[PDB]
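Novice: Here you go, work_33.csv (CSV, C-alpha atoms):
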chain,number,residue,atom,x,y,z
A,8,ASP,CA,94.9,-17.5,-23.3
A,9,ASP,CA,93.3,-16.9,-19.9
A,10,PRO,CA,90.0,-18.8,-19.4
A,11,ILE,CA,88.7,-16.1,-17.0
A,12,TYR,CA,88.3,-13.7,-20.0
A,13,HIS,CA,88.2,-15.9,-23.1
A,14,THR,CA,86.3,-18.9,-24.4
A,15,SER,CA,88.0,-22.1,-23.5
A,16,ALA,CA,87.5,-25.9,-23.1
A,17,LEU,CA,86.1,-25.1,-19.6
A,18,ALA,CA,82.5,-25.5,-20.8
A,19,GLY,CA,80.0,-28.1,-21.7
A,20,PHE,CA,80.5,-31.6,-20.4
A,21,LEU,CA,84.0,-31.0,-19.2
A,22,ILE,CA,83.1,-28.2,-16.7
A,23,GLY,CA,80.0,-30.0,-15.7
A,24,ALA,CA,82.1,-33.1,-14.8
A,25,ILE,CA,84.7,-31.1,-12.9
A,26,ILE,CA,82.1,-29.2,-10.9
A,27,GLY,CA,80.5,-32.4,-9.7
A,28,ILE,CA,83.7,-34.0,-8.4
A,29,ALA,CA,84.9,-30.7,-6.9
A,30,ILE,CA,81.8,-30.4,-4.8
A,31,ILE,CA,82.5,-33.8,-3.3
A,32,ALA,CA,86.3,-33.9,-3.2
A,33,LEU,CA,87.6,-30.3,-2.7
A,34,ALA,CA,86.6,-28.5,0.4
A,35,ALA,CA,87.8,-25.2,-1.1
A,36,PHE,CA,85.1,-25.4,-3.8
A,37,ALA,CA,82.5,-24.3,-1.3
A,38,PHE,CA,84.3,-21.0,-1.2
A,39,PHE,CA,84.9,-20.6,-4.9
A,40,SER,CA,81.2,-21.3,-5.7
A,41,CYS,CA,79.7,-18.4,-3.7
A,42,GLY,CA,80.2,-14.8,-2.8
A,43,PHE,CA,83.1,-12.7,-4.0
A,44,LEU,CA,85.5,-15.6,-4.7
A,45,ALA,CA,83.1,-17.2,-7.2
A,46,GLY,CA,84.2,-14.4,-9.6
A,47,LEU,CA,87.3,-16.5,-10.2
A,48,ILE,CA,85.6,-19.9,-10.3
A,49,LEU,CA,87.0,-20.7,-13.8
A,50,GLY,CA,90.5,-20.0,-12.6
A,51,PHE,CA,89.9,-22.5,-9.8
A,52,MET,CA,88.5,-25.0,-12.3
A,53,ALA,CA,91.5,-24.7,-14.6
A,54,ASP,CA,93.8,-25.5,-11.7
A,55,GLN,CA,92.0,-28.8,-11.0
A,56,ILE,CA,93.0,-30.3,-14.4
A,57,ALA,CA,96.5,-28.7,-14.9
B,2,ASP,CA,71.5,-4.7,-26.5
B,3,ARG,CA,70.4,-8.2,-25.5
B,4,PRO,CA,68.1,-9.4,-22.6
B,5,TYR,CA,69.3,-12.0,-20.2
B,6,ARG,CA,67.2,-13.8,-17.5
B,7,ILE,CA,68.3,-15.3,-14.1
B,8,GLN,CA,66.2,-16.5,-11.2
B,9,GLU,CA,66.5,-13.2,-9.4
B,10,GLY,CA,65.6,-10.9,-12.4
B,11,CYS,CA,66.7,-9.8,-15.8
B,12,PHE,CA,69.2,-7.4,-17.3
B,13,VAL,CA,70.8,-6.5,-20.6
B,14,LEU,CA,74.3,-7.4,-22.0
B,15,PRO,CA,76.6,-6.5,-24.8
B,16,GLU,CA,75.4,-7.9,-28.1
B,17,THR,CA,78.2,-10.4,-28.7
B,18,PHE,CA,78.7,-12.0,-25.3
B,19,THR,CA,79.2,-15.7,-24.8
B,20,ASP,CA,77.3,-17.3,-21.9
B,21,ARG,CA,79.5,-19.6,-19.9
B,22,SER,CA,77.3,-19.6,-16.8
B,23,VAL,CA,77.3,-22.7,-14.6
B,24,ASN,CA,74.1,-23.3,-12.7
B,25,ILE,CA,75.0,-25.3,-9.5
B,26,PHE,CA,72.5,-26.8,-7.0
B,27,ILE,CA,73.7,-28.6,-3.8
B,28,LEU,CA,72.2,-30.0,-0.6
B,29,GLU,CA,73.9,-27.6,1.8
B,30,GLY,CA,75.4,-29.1,4.9
B,31,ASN,CA,75.5,-32.5,3.1
B,32,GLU,CA,77.4,-31.3,0.0
B,33,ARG,CA,80.0,-34.0,0.1
B,34,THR,CA,77.5,-36.9,0.7
B,35,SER,CA,74.5,-35.9,-1.4
B,36,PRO,CA,73.7,-35.6,-5.2
B,37,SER,CA,74.3,-32.3,-6.9
B,38,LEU,CA,72.9,-30.8,-10.1
B,39,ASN,CA,74.6,-28.4,-12.5
B,40,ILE,CA,73.9,-26.9,-16.0
B,41,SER,CA,76.6,-25.7,-18.4
B,42,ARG,CA,76.9,-24.3,-21.9
B,43,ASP,CA,79.1,-24.7,-24.9
B,44,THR,CA,79.4,-23.6,-28.6
B,45,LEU,CA,79.6,-26.1,-31.4
B,46,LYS,CA,82.6,-25.8,-33.7
B,47,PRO,CA,81.8,-24.9,-37.4
B,48,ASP,CA,80.2,-27.9,-39.1
B,49,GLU,CA,80.2,-29.8,-35.8
B,50,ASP,CA,76.9,-31.6,-35.0
B,51,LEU,CA,75.9,-32.8,-31.6
B,52,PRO,CA,77.1,-36.4,-32.0
B,53,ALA,CA,80.6,-35.1,-33.0
B,54,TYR,CA,80.5,-32.6,-30.2
B,55,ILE,CA,79.8,-35.3,-27.6
B,56,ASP,CA,82.6,-37.5,-29.2
B,57,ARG,CA,84.9,-34.5,-28.6
B,58,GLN,CA,83.7,-33.9,-25.1
B,59,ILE,CA,84.3,-37.6,-24.2
B,60,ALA,CA,87.9,-37.4,-25.4
B,61,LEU,CA,88.5,-34.1,-23.5
B,62,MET,CA,87.3,-35.8,-20.2
B,63,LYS,CA,89.5,-38.8,-20.8
B,64,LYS,CA,92.4,-36.5,-21.3
B,65,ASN,CA,91.8,-34.1,-18.4
B,66,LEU,CA,90.0,-36.2,-15.7
B,67,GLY,CA,91.2,-39.0,-13.5
B,68,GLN,CA,90.4,-42.5,-14.9
B,69,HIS,CA,87.3,-41.2,-16.7
B,70,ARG,CA,85.1,-44.1,-17.9
B,71,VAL,CA,82.0,-43.9,-20.1
B,72,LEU,CA,79.7,-46.7,-19.1
B,73,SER,CA,76.8,-46.0,-21.5
B,74,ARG,CA,75.6,-43.5,-24.2
B,75,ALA,CA,72.0,-43.3,-25.2
B,76,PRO,CA,69.3,-40.9,-26.5
B,77,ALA,CA,68.1,-38.2,-24.1
B,78,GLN,CA,65.2,-35.7,-24.1
B,79,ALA,CA,65.0,-32.4,-22.2
B,80,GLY,CA,61.3,-31.5,-21.7
B,81,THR,CA,58.1,-33.2,-22.8
B,82,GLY,CA,55.8,-32.8,-25.8
B,83,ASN,CA,56.1,-30.4,-28.7
B,84,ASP,CA,58.9,-28.2,-27.3
B,85,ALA,CA,61.2,-30.9,-26.0
B,86,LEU,CA,64.8,-31.0,-27.0
B,87,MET,CA,66.5,-34.1,-28.4
B,88,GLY,CA,70.0,-35.1,-27.5
B,89,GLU,CA,72.3,-37.7,-25.9
B,90,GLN,CA,73.2,-38.7,-22.4
B,91,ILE,CA,76.1,-40.7,-20.9
B,92,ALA,CA,76.7,-42.4,-17.6
B,93,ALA,CA,80.3,-42.2,-16.3
B,94,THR,CA,82.7,-42.5,-13.4
B,95,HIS,CA,86.0,-40.7,-12.6
B,96,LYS,CA,88.2,-40.2,-9.6
B,97,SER,CA,90.1,-37.6,-7.6
B,98,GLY,CA,92.6,-39.5,-5.5
B,99,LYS,CA,90.6,-42.3,-3.7
B,100,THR,CA,87.2,-40.6,-4.2
B,101,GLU,CA,85.1,-42.0,-7.0
B,102,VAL,CA,82.1,-40.1,-8.4
B,103,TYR,CA,79.2,-41.2,-10.6
B,104,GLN,CA,77.7,-38.9,-13.1
B,105,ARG,CA,75.0,-38.7,-15.8
B,106,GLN,CA,75.4,-36.0,-18.4
B,107,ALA,CA,73.0,-35.0,-21.2
B,108,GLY,CA,73.7,-32.5,-24.0
B,109,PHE,CA,71.2,-30.8,-26.3
B,110,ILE,CA,71.2,-28.2,-29.0
B,111,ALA,CA,69.1,-25.4,-27.4
B,112,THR,CA,69.5,-22.9,-30.2
B,113,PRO,CA,71.5,-23.0,-33.4
B,114,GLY,CA,75.2,-23.6,-32.5
B,115,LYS,CA,74.6,-23.6,-28.8
B,116,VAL,CA,74.8,-26.6,-26.5
B,117,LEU,CA,73.1,-26.9,-23.1
B,118,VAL,CA,74.4,-29.6,-20.8
B,119,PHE,CA,72.7,-31.2,-17.7
B,120,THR,CA,75.0,-33.0,-15.2
B,121,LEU,CA,73.9,-35.0,-12.1
B,122,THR,CA,76.7,-36.1,-9.8
B,123,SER,CA,76.6,-38.5,-6.8
B,124,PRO,CA,79.3,-39.7,-4.4
B,125,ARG,CA,77.7,-43.2,-4.6
B,126,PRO,CA,76.3,-45.5,-7.3
B,127,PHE,CA,72.9,-44.2,-8.4
B,128,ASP,CA,70.0,-45.7,-6.4
B,129,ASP,CA,66.4,-45.5,-7.5
B,130,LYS,CA,66.0,-42.1,-5.9
B,131,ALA,CA,68.8,-40.7,-7.9
B,132,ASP,CA,67.5,-42.2,-11.2
B,133,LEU,CA,64.1,-40.7,-10.4
B,134,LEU,CA,65.7,-37.3,-9.8
B,135,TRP,CA,67.5,-37.5,-13.1
B,136,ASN,CA,64.4,-38.3,-15.1
B,137,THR,CA,62.1,-35.7,-13.4
B,138,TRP,CA,64.7,-33.0,-13.8
B,139,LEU,CA,65.1,-33.5,-17.5
B,140,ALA,CA,61.3,-34.0,-18.1
B,141,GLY,CA,60.4,-30.8,-16.4
B,142,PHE,CA,62.6,-28.5,-18.6
B,143,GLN,CA,60.5,-26.1,-20.6
B,144,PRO,CA,62.5,-24.3,-23.4
B,145,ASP,CA,61.8,-20.6,-23.8
C,1,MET,CA,58.4,-30.7,-3.5
C,2,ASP,CA,59.6,-29.2,-6.7
C,3,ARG,CA,59.8,-25.4,-7.4
C,4,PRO,CA,60.3,-23.5,-10.6
C,5,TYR,CA,63.8,-22.2,-11.6
C,6,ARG,CA,64.5,-19.9,-14.5
C,7,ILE,CA,67.5,-19.7,-16.7
C,8,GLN,CA,68.1,-18.0,-20.0
C,9,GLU,CA,67.2,-21.1,-22.1
C,10,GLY,CA,64.0,-21.9,-20.2
C,11,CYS,CA,62.7,-23.1,-16.9
C,12,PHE,CA,62.6,-26.3,-15.0
C,13,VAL,CA,61.5,-27.6,-11.5
C,14,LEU,CA,64.0,-28.1,-8.7
C,15,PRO,CA,63.4,-29.8,-5.4
C,16,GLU,CA,63.1,-27.1,-2.8
C,17,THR,CA,65.9,-28.6,-0.7
C,18,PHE,CA,68.6,-27.6,-3.2
C,19,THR,CA,70.5,-24.4,-2.5
C,20,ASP,CA,71.3,-22.3,-5.6
C,21,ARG,CA,75.1,-21.7,-6.0
C,22,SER,CA,74.9,-20.8,-9.7
C,23,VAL,CA,77.7,-18.6,-11.1
C,24,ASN,CA,76.8,-16.7,-14.2
C,25,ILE,CA,79.7,-15.9,-16.5
C,26,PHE,CA,79.6,-13.6,-19.5
C,27,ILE,CA,82.7,-13.6,-21.8
C,28,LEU,CA,82.9,-10.5,-23.9
C,29,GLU,CA,84.9,-10.0,-27.1
C,30,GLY,CA,88.1,-8.0,-27.1
C,31,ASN,CA,89.3,-5.3,-29.4
C,32,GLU,CA,93.1,-4.7,-29.4
C,33,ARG,CA,93.5,-6.4,-26.0
C,34,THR,CA,91.7,-8.9,-23.8
C,35,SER,CA,88.3,-7.7,-22.6
C,36,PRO,CA,86.9,-7.7,-19.1
C,37,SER,CA,84.4,-10.4,-18.2
C,38,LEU,CA,81.3,-10.3,-16.1
C,39,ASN,CA,80.1,-12.7,-13.3
C,40,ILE,CA,77.1,-13.1,-11.0
C,41,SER,CA,77.2,-15.2,-7.9
C,42,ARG,CA,75.1,-15.9,-4.8
C,43,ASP,CA,75.6,-16.3,-1.1
C,44,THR,CA,73.7,-16.7,2.2
C,45,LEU,CA,73.8,-14.1,5.0
C,46,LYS,CA,74.8,-15.5,8.4
C,47,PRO,CA,72.3,-14.9,11.2
C,48,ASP,CA,72.2,-11.3,12.2
C,49,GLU,CA,74.8,-10.4,9.6
C,50,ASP,CA,74.1,-7.1,7.7
C,51,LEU,CA,75.5,-6.3,4.3
C,52,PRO,CA,78.5,-4.3,5.5
C,53,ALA,CA,79.5,-7.2,7.7
C,54,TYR,CA,79.0,-9.6,4.8
C,55,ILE,CA,81.2,-7.5,2.6
C,56,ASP,CA,83.9,-7.5,5.3
C,57,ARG,CA,83.8,-11.3,5.5
C,58,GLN,CA,84.1,-11.5,1.7
C,59,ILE,CA,87.1,-9.2,1.7
C,60,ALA,CA,88.8,-11.4,4.3
C,61,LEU,CA,88.0,-14.5,2.2
C,62,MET,CA,89.7,-12.9,-0.8
C,63,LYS,CA,92.7,-12.0,1.3
C,64,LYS,CA,93.0,-15.5,2.7
C,65,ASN,CA,92.7,-17.3,-0.7
C,66,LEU,CA,94.4,-14.9,-3.2
C,67,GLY,CA,97.7,-13.1,-3.6
C,68,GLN,CA,98.1,-9.4,-2.7
C,69,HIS,CA,94.4,-8.6,-2.5
C,70,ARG,CA,94.2,-4.8,-2.2
C,71,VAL,CA,91.0,-2.8,-1.8
C,72,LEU,CA,91.1,0.4,-3.9
C,73,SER,CA,87.6,1.8,-3.1
C,74,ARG,CA,84.4,0.9,-1.2
C,75,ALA,CA,81.2,2.8,-1.6
C,76,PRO,CA,77.4,2.4,-2.0
C,77,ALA,CA,76.0,0.7,-5.1
C,78,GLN,CA,72.6,0.4,-6.7
C,79,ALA,CA,71.3,-2.4,-8.9
C,80,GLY,CA,68.5,-1.2,-11.2
C,81,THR,CA,66.4,2.0,-11.2
C,82,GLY,CA,63.1,3.0,-9.7
C,83,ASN,CA,61.2,1.8,-6.7
C,84,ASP,CA,62.4,-1.8,-7.0
C,85,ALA,CA,66.1,-0.9,-7.3
C,86,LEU,CA,68.4,-2.7,-4.8
C,87,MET,CA,70.7,-0.7,-2.5
C,88,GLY,CA,74.0,-2.4,-1.7
C,89,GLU,CA,77.7,-1.9,-1.5
C,90,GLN,CA,80.6,-2.2,-3.9
C,91,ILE,CA,84.4,-2.4,-3.9
C,92,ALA,CA,87.2,-2.1,-6.4
C,93,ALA,CA,90.2,-4.3,-5.7
C,94,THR,CA,93.2,-5.9,-7.3
C,95,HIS,CA,95.1,-9.1,-6.7
C,96,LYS,CA,98.1,-10.8,-8.3
C,97,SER,CA,97.6,-13.9,-10.5
C,98,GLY,CA,101.0,-15.2,-11.6
C,99,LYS,CA,102.9,-12.3,-13.0
C,100,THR,CA,99.9,-10.1,-13.7
C,101,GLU,CA,97.7,-7.7,-11.6
C,102,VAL,CA,94.0,-8.4,-11.9
C,103,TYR,CA,91.4,-5.6,-11.5
C,104,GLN,CA,87.9,-6.3,-10.1
C,105,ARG,CA,84.7,-4.5,-9.2
C,106,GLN,CA,82.4,-6.5,-6.9
C,107,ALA,CA,79.0,-5.3,-5.6
C,108,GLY,CA,76.7,-7.1,-3.2
C,109,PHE,CA,73.0,-6.7,-2.7
C,110,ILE,CA,70.4,-8.4,-0.4
C,111,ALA,CA,68.0,-9.5,-3.2
C,112,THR,CA,65.6,-11.4,-0.8
C,113,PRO,CA,65.8,-11.8,3.0
C,114,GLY,CA,69.0,-13.6,3.9
C,115,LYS,CA,70.2,-13.9,0.3
C,116,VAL,CA,73.0,-12.0,-1.3
C,117,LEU,CA,73.4,-11.4,-5.1
C,118,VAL,CA,76.9,-10.4,-6.2
C,119,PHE,CA,77.8,-8.7,-9.4
C,120,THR,CA,81.5,-8.9,-10.5
C,121,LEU,CA,83.6,-7.3,-13.3
C,122,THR,CA,87.1,-8.7,-13.8
C,123,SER,CA,89.8,-7.1,-16.0
C,124,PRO,CA,93.4,-8.1,-16.7
C,125,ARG,CA,94.4,-4.4,-16.7
C,126,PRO,CA,93.5,-1.1,-15.1
C,127,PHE,CA,90.0,0.1,-15.5
C,128,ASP,CA,89.4,2.5,-18.4
C,129,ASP,CA,86.4,4.6,-19.4
C,130,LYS,CA,84.9,1.8,-21.4
C,131,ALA,CA,85.1,-0.7,-18.5
C,132,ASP,CA,83.6,1.8,-16.1
C,133,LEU,CA,80.7,2.5,-18.4
C,134,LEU,CA,80.1,-1.2,-18.8
C,135,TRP,CA,79.9,-1.6,-15.0
C,136,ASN,CA,77.4,1.2,-14.6
C,137,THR,CA,75.3,0.3,-17.6
C,138,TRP,CA,75.1,-3.3,-16.4
C,139,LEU,CA,74.1,-2.5,-12.8
C,140,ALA,CA,71.6,0.2,-13.9
C,141,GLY,CA,69.8,-2.2,-16.2
C,142,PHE,CA,69.1,-5.0,-13.7
C,143,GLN,CA,65.4,-5.5,-13.1
C,144,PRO,CA,64.7,-7.4,-9.9
C,145,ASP,CA,61.9,-10.0,-10.0
C,146,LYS,CA,58.9,-8.6,-8.2
Any chance you could put this one into structure tokens?
Specialist:
Amino acid sequence: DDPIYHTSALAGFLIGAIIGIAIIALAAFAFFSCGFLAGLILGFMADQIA
Amino acid sequence: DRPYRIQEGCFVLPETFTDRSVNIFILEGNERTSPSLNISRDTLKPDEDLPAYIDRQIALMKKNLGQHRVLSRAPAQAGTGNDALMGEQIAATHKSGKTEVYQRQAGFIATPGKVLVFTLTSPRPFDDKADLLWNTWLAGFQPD
Amino acid sequence: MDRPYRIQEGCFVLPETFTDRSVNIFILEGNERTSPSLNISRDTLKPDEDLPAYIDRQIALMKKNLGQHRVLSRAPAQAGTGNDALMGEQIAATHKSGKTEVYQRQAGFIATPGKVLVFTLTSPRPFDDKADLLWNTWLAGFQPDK
């Protein structure tokens, strides 16, 4: 059930759309898109639509 | 044993892996005020062709994003000449609080069952520069 | 101007002013339980920052942004084999996600001057022999672009 380890809807157009808005609107995304924290990027993305 | 290529080199993976990589390109230091590019992947459901997949993606974005609006949908092409990929593109808007973004997204079947998606995002309505970037980006793609 | 950029599916041209923040994500299939996943990310070294200092900064970022981040080990790491192999550093570390303890290995390497390449394995349960072999098989098979 966890998108970090399983296929999910966080793919394709949906993740592409979320990534774009996050870059502009969420300062924290700069940290979750590089370095060690990026290992959990899909967990961060899931939280943006929950 | 399966090879995989990234910009920095190549390696091998387990045979049954699913690629959910997201390529992300930003103008650093102006990330909130400049266009960004990203590339994502997806897998078609059984008996699901690309038009039905995009139908499904549009509904997912309306359900999960803020005031998602699809303004247009039209054919798209990734690459040029014999090796080009056919697909569809949309132009859309959605919001996160009082911030509105503008996006163009195009999806293509790269290999059987596998979708490749290109997304351009801007914090402002697309000007001529942003339209040029969109078209040069897609036209320059060379499938392996 | 526009420079080439390579992905699994092909290549394209990218204006040289764009910084690459791609995150590769590889979802593996489980057996009786959920399987670890693999991830590759990028970063930029600060001026006069060496790799150990960069790793320190990353550990601090994980501590600030996650729950109960705990380093279990830190040691040298190697990406690839032969003359072109990259020498770097790795950690093993856990953190809490809801009610569950997540296990990670993360290794950083200076791939090109000023540029860090990070390899990550994430598991919802303690490492086992299978997960350890995956980690070392993956790192050993990396072939840097020459």
Novice: Skipping near chain neighbours, those fewer than 4 positions away, what residues fall within 12 Å of residue 63 of chain C using only C-alpha atoms, listed as a list in words?
Specialist: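 These residues fall inside the cut-off: residues 43 and 44 of chain A; 56, 57, 58, 59, 67, 68, 69, 70, 71, 93, 94, 95 and 96 of chain C.
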Novice: I need the contact residues of chain A against chain C, so if you could list those with any atom within 8 Å, counting all atoms listed in the file, and return them as a ChimeraX atom specification, that would help.
Specialist: /A:11-14,40-46
Novice: Could you check how far atom CA of residue 39 of chain A sits from atom CA of residue 51 of chain A, in Å to one decimal?
Specialist: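 Pair atom CA of residue 39 of chain A / atom CA of residue 51 of chain A returns 7.3 Å.
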Novice: If the cut-off is 6 Å, can you tell me the residues of chain B near chain C, counting only C-alpha atoms? I'd like them as a PyMOL selection string.
Specialist: chain B and resi 6-12+18-28+141-145
Novice: For chain A versus chain B, which residues have an atom no more than 8 Å away, and what is each residue's nearest atom pair and distance in Å rounded to one decimal, using all atoms listed in the file, chain-then-number order, as CSV?
Specialist:
residue,atom,partner,partner_atom,distance
A:14,CA,B:19,CA,7.8
A:18,CA,B:43,CA,5.4
A:19,CA,B:43,CA,4.8
A:20,CA,B:58,CA,6.1
A:21,CA,B:62,CA,5.9
A:22,CA,B:41,CA,7.2
A:23,CA,B:120,CA,5.9
A:24,CA,B:120,CA,7.1
A:25,CA,B:66,CA,7.9
A:26,CA,B:39,CA,7.7
A:27,CA,B:122,CA,5.3
A:28,CA,B:102,CA,6.3
A:30,CA,B:33,CA,6.3
A:31,CA,B:33,CA,4.2
A:32,CA,B:100,CA,6.8
A:56,CA,B:65,CA,5.6
A:57,CA,B:65,CA,8.0
Novice: Can you measure atom CA of residue 81 of chain B to atom CA of residue 112 of chain B for me? One decimal in Å is fine.
Specialist: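 Value for the atom CA of residue 81 of chain B-atom CA of residue 112 of chain B distance: 17.1 Å.
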Novice: Do you know which residues are at most 9 Å from residue 86 of chain B counting all atoms listed in the file, after dropping those on the same chain fewer than 6 positions away, and could you put them as a count of residues only?
Specialist: 8
Novice: Figure out the distance between atom CA of residue 138 of chain B and atom CA of residue 113 of chain B, please, to one decimal in Å.
Specialist: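 Atom CA of residue 138 of chain B lies at a distance of 23.0 Å from atom CA of residue 113 of chain B.
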